[PDB]
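As structure tokens, one chain now follows by itself in the form deposited in one PDB entry.
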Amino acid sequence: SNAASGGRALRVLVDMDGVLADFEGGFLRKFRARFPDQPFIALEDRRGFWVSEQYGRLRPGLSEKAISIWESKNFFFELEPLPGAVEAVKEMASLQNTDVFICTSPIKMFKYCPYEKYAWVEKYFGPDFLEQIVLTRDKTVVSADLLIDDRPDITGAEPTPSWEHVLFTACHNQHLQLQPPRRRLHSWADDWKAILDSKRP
């Protein structure tokens, strides 16, 4: 909930793919269904942020096939929420002196992805939550106290972002050793309120 007039709420950016929406599982399911005769990467064997790069090393032309899954209509809209995500973000947004924004990067092909991300937020959070969406390829130019995001390397035009990046665990990042004092949120069952509270006055 917003701070009282001109006052200062804790601001939390919550990433979408890999934090709210199960991109990795949705991708794998639809890849295997569309391309049943191709090899695939089990989630436990995922390494590195870019799915298409790992697929492209697996077999010639597989990068392009992988891309064709997330460029397809309904890919983003049909993603399942991660366990606990919707419930946690609803709770978070209801907290005193706490403003939550969903900060998400679209893919390069824009026919469906922006639209379906708005539709997905409406679906799980309601029409009023649409006001909290920030769609951007560069998250460093969005100011906040925290960014909860599964991407390990979050860079852009601002060399010194205002947020602390807390790495949300995903299959592709779970083995990564981070430079102290970087930290993780391991799942939505993990203690996200303690992380928020550590940044409060």
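Heads up: residue numbers just count along the shown sequence, starting at 1.
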Do the CA atoms of 10-18 or those of 175-183 have the higher mean B-factor in the entry? 175-183
Which is higher in the entry, the mean Cα B factor of 24-32 or that of 134-142? 24-32
According to the deposited entry, which of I69, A170, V166, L62 has the largest Cα B-factor? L62
Please place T98 in the lowest, middle or highest third of its chain by C-alpha B factor as given in the entry. middle
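This next part talks about the form deposited with a small molecule bound, which is not shown.
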Mind checking whether each of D145, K193 and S198 has a heavy atom within 4.5 Å of the small molecule in the deposited complex? no
Tell me, yes or no, whether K65 is in contact with the small molecule in the deposited complex, where a contact means a heavy atom of each within 4.5 Å. no
Applying a 4.5 Å heavy atom distance criterion, does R137 contact the small molecule in the deposited complex? yes
Distance check, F49 to the small molecule in the deposited complex, heavy atom within 4.5 Å: yes
Does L82 make contact with the small molecule in the deposited complex, using a 4.5 Å heavy atom cut-off? no
